[PDB]
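Single chain ahead, written as C-alpha cells, the form solved without O,O-diethyl hydrogen thiophosphate (DPJ).
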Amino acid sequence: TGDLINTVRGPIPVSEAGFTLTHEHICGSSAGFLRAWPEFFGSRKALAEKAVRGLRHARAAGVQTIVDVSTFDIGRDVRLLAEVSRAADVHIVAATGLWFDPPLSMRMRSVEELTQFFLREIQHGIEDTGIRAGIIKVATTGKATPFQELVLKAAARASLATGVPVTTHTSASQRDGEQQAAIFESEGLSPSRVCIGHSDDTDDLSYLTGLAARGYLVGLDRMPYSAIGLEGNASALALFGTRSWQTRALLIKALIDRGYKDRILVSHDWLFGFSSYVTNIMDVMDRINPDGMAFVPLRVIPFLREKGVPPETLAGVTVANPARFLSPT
C-alpha cells in the first residue's frame, strides 16, 4: 500500500500489479512504421484485435500486468497500448530508453540530451499523450558502441532522478551484462534498479550468479524461444536458437537453488505483431507458441512446481520481484 507505478491507463497501486511479465511487447516495429504502413500487419484494427485476444488469454492464465519494453525505436505506440490494455483488462507499463535501432536524430545526441529525452517520457509523458513511462529500456549486442555507452549513462541518470528501473537487452553469449553493470555503476546506479535481460539465452551460471551476487535482477525473459524442429529455417534458427524451453526454465530453478530467488524476473519477450525481422515471422512464432503470453503460467510455473520449487517461492518470483523492481526507488 502507498507506492505507485505508471501504466498506459494512469497510476496503479504497486500491490495491484500482481503476476507481472517484465519483458513483453505488443508490437516489435520501428518508429513511425505502424502509422505509415499499417497494412503490413493486415490493419491496425487486426493488430489490436489479435493483441486483445492474446492478452485476455494471458489474463485467464493469471497474468495481471505486462511491461511493454518497446522504446521509441521499437516503434512503441502508446495509444495502441492503452487501447488493448483497456480492452483486455491487463495493465501495461510503457518504456522509454533506446534499443539497438536508433535513427540519426537519436544517434547524434549527447548524454545530456538523451537524459532530457528519457526524463520527458517519464515525467512529462510520451509524445502528446501524457502517458508516462514506468521503465527505461537499453541495449547492447556485444561490446557497447560509443553511442550505446551514452544511452546507458543517460538511462542511469534518468533512473537516479526518477527512481524508475532500467532493463537491458544483451547478447547473453557475449556476457554483455558485465560491461552494462560497469557502465551503470560508474554512474552510481544501484544494481537493484537494473535488470540484465535475455539472460536465459546462455547457460553460463558463472556469468549469471556473478551478476545476481552483485544485486542485479537477471531477466530470464525468453522462455518459449526455441527453433528445435525448424532447423530448416535459418531465420528462426538465429533468433530462437537450439535450446528448449525446459532448458531455459531450468535456469530459474538453478538460480533459486543457488540462493538467488529474489534476483529473478521471468518473461517471454512475446509480441502480437513483428515488423523488424523477416516477413511472416509472427506466423512461425505463433506455431512454436500458440499460448503466447500464457506460456509461462501454463507451462513454466507447473514445470517448476513439479520439480519441487515451493509455491511461495514461485509467487515471490512472479509477483514480489516485479513489484519491488517496478516500484520507483
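The numbering used is simple: start at 1 and walk along the sequence shown.
Not pictured, yet referred to below: the form solved in complex with O,O-diethyl hydrogen thiophosphate (DPJ).
**Student:** Where O,O-diethyl hydrogen thiophosphate (DPJ) sits in the bound PDB entry, superposed onto the shown form by the site's C-alphas, are 3 or more of its atoms within 2.4 Å of backbone or C-beta (blocked), or none (open)?
**Tutor:** Answer open: no ligand atom comes within 2.4 Å of backbone or C-beta.
**Student:** Decide if the three candidate residues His57, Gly292 and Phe295 all line O,O-diethyl hydrogen thiophosphate (DPJ) in the bound PDB entry, where lining means a heavy atom within 4.5 Å.
**Tutor:** Not one of the three qualifies.
**Student:** Please identify the residue among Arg248, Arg193, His169, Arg132 with any heavy atom within 4.5 Å of O,O-diethyl hydrogen thiophosphate (DPJ) in the bound PDB entry.
**Tutor:** It is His169.
**Student:** Can you pick out, from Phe184, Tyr216, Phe72, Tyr225, the residue that has a heavy atom within 4.5 Å of O,O-diethyl hydrogen thiophosphate (DPJ) in the bound PDB entry?
**Tutor:** In short, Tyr225.
**Student:** So in the bound PDB entry, does any heavy atom of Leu271 sit within 4.5 Å of O,O-diethyl hydrogen thiophosphate (DPJ)?
**Tutor:** So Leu271 counts as contacting O,O-diethyl hydrogen thiophosphate (DPJ).
**Student:** Would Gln64 count as a contact of O,O-diethyl hydrogen thiophosphate (DPJ) in the bound PDB entry, using a 4.5 angstroms cut-off between non-hydrogen atoms?
**Tutor:** No, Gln64 stays farther than 4.5 Å from O,O-diethyl hydrogen thiophosphate (DPJ) in the bound PDB entry.
**Student:** Is there any non-hydrogen atom of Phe100 lying within 4.5 Å of O,O-diethyl hydrogen thiophosphate (DPJ) in the bound PDB entry?
**Tutor:** Yes.
**Student:** Contact with O,O-diethyl hydrogen thiophosphate (DPJ) in the bound PDB entry for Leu239, defined as at least one heavy atom pair within 4.5 Å: yes or no?
**Tutor:** Yes - in the bound PDB entry, heavy atoms of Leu239 and O,O-diethyl hydrogen thiophosphate (DPJ) come within 4.5 Å of each other.
**Student:** Look at the stretches 156 to 164, 254 to 262, 116 to 124, 92 to 100 and give the one with heavy atoms within 4.5 Å of O,O-diethyl hydrogen thiophosphate (DPJ) in the bound PDB entry.
**Tutor:** Of the stretches listed, the one contacting the partner is 92 to 100.
**Student:** From first to last in sequence, which residues of 174 to 207 have any non-hydrogen atom within 4.5 angstroms of O,O-diethyl hydrogen thiophosphate (DPJ) in the bound PDB entry?
**Tutor:** Heavy-atom contacts within 4.5 Å come from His198 alone.
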